[PDB]
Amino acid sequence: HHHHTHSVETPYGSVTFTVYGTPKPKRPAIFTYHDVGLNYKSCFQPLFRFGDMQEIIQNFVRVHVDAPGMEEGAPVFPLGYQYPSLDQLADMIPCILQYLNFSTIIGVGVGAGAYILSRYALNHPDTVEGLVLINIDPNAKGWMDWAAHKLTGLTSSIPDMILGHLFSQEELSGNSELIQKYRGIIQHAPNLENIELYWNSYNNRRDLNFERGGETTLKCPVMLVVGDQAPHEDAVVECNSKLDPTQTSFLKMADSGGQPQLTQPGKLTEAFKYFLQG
């Protein structure tokens, strides 16, 4: 698993990205963006290093983004630091791609990462050959979503609420080895204060429109993924109703829970194969 790690300076701060494999003339880069509370390794290593996935992605160059302050070893931003909005995080992507001189990507995002890459694709559609969107929720919180959030926050800590964004309450109750591991990752994150600022940016996101005036806005192939009964199911189901069905696939996974790329890498690998196959 040899790689090389870079960053770029942008008007909204520095962002880190890690490159595996080598670029090739025909082919897009697989470009990933992780969810709140994770980084590229805790979000994507279990999938990307799954043996059957290694086979599928070996000949692609992979560019794995760590959002600002989420990279391994990140300093904790001083309290008061104004963290980029999700839109601003999407606006850093052209800098990364310009630095690498990679003109085309297949974006793979989870949660907030899926929003960010969707925003990027709307901004620069001629650079995106497809998107894999896990747990995408493109809607801003309304008054009532804020009400629910704030009420929950009376009895839940920030880390509790981030774990509830990532996993179903049923999973969190069941103390599987995975959940125990990820509880520790989030609760005890040395950069938890940074993670919280990314959480806030996610919660404050504006509407991202996959349709306008009843017409779909995204023009690339999209593979939607969510767990059945998982926190973001209704949002992903709604996205599926707004995208062009001739260019869209939707895996609602029966037994995946909130982070399907962590629990069902075998099933997701076969999905990835058919998404990338020529």
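Numbers follow the displayed sequence, beginning with 1.
Higher mean CA temperature factor between 166-174 and 128-136: 166-174, per the PDB entry.
Looking at mean Cα B-factors across 263-271 and 15-23, the upper value is held by 263-271. In the PDB entry, the Cα temperature factor peaks, among 66, 233, 55, 35, at 55. Highest CA B-factor among the listed residues (144, 110, 117, 95): 144. Annotation for residue 74: CA B-factor lies in the middle third of the chain's modelled residues. For residue 50, the recorded CA temperature factor ranks within the highest third of the chain's modelled residues. Residue 6 sits in the lowest third of its chain by CA B factor, as recorded in the PDB entry. In the PDB entry, residue 208 places in the middle third of its chain by CA B-factor. Remark: residue 225 belongs to the middle third of its chain, ranked by C-alpha B-factor as recorded.
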